C-alpha cells in the first residue's frame, strides 16, 4: 500500500528509517490512531488536536498546519482505499547525531502514517471480555501520548498470557486505565471514571462516552475507585479508538455482578452508535 512520509505519499517499499531517528533511539515522539468507518474518519479533528497537544508538551514543532495535516490524512485514506479500519500516524523529533538533549532547531521532524483494514470487534461488544489487574509501573506523564510504551506492552502481554483481553492498571490499588484503553464503572446508574490528570491518557472515546452519558441524563462522577471497589461494581467497561465500548464481565476469575452486560452499558453503546458515520 502507500505510506505518508512527511508530506509525500509513497509506496511502502520506498520508506526507510535512519538509525539515528530520535523515535528509534529515545522513543522521542508522539502518535495517534483514528478509526475509519466506511471511508469516513471518526472524530478526526479531536485526534489532530491531541496530536498537536502531545507534540507541544514535549516541545516538538510540527511543520505543517492542522489543515494541511488533515488534507494529508484524507489523501492517505483515498489512495489506500480504506473502508473500515484505522490510520496510524506518528511524529518524532527527527534525525540527528545521538545526544539526549534537543538537536539544533533545523532537524525537521519525521512524520510516518499508514492504514490497516480492521472490522469492528462486534463479538467483544456483544458478549463482553475478561480482564486482569496489573500494577501500573509507567512514568508520571501518561497525559502525553508518546512512543514510550514499554510499560503498556508488558502489561498487555501479561494479560494475553492469562487468556484475558485487557490489563486494568492500578497504582497502590487505585484503578487508572487499561494498557490501551480507559476504564469506566457503573454503580446504581452512576458512571465513575478516573479524572483526567497526568495519571491517564485523556482518551477521545472516553470523552465521547461522557458526552453520551450527559445526553441520556446519566450522572457522571470523575472520581477514582479501587480494584476492590471495581469488583463491587454493577457494570464495568473499557474504551479506546479500536475497542469502542467493550464490556468487562469478569476480572481474574471473579464475575462482575452476574457476568452479563449491564442495563446502562447497553444504553451508552446505543447512544454511541448514533455518532458513528
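For the two forms, the rigid core is made up of the largest set of C-alpha atoms that agree within 1.5 Å on superposition. Numbering follows the first chain given and starts at 1.
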**Request:** Superpose on the core, then say which of 104 to 112 and 188 to 196 ends up with the larger RMS Cα offset from this form in 4 other deposited structures of this protein.
**Result:** 104 to 112
**Request:** Determine, for stretches 240 to 248 and 27 to 35, which one has the higher mean CA B-factor as deposited.
**Result:** 240 to 248
**Asked** Looking at the entry, does 201 to 209 or 100 to 108 show the higher mean C-alpha B-factor?
**Response** 100 to 108
**Request:** Going by the CA temperature factor in the entry, name the top one among 86, 141, 74, 93.
**Result:** 74
**Prompt:** Based on what the PDB entry reports, which of 164, 191, 154, 175 has the top C-alpha B-factor?
**Reply:** 164
**Message:** Using the temperature factors of the C-alpha atoms in this entry, rank residue 180 within its chain: lowest, middle or highest third.
**Reply:** lowest
**Asked** residue 147's Cα B-factor: lowest, middle or highest third of the chain?
**Response** lowest
**Prompt:** Lowest, middle or highest third of the chain for the C-alpha temperature factor of residue 231?
**Reply:** highest
**Prompt:** Thinking about Cα B factors across the chain, which third does residue 40 belong to?
**Reply:** highest
**Asked** Going by the entry, which third of its chain does the Cα temperature factor of residue 49 land in?
**Response** lowest
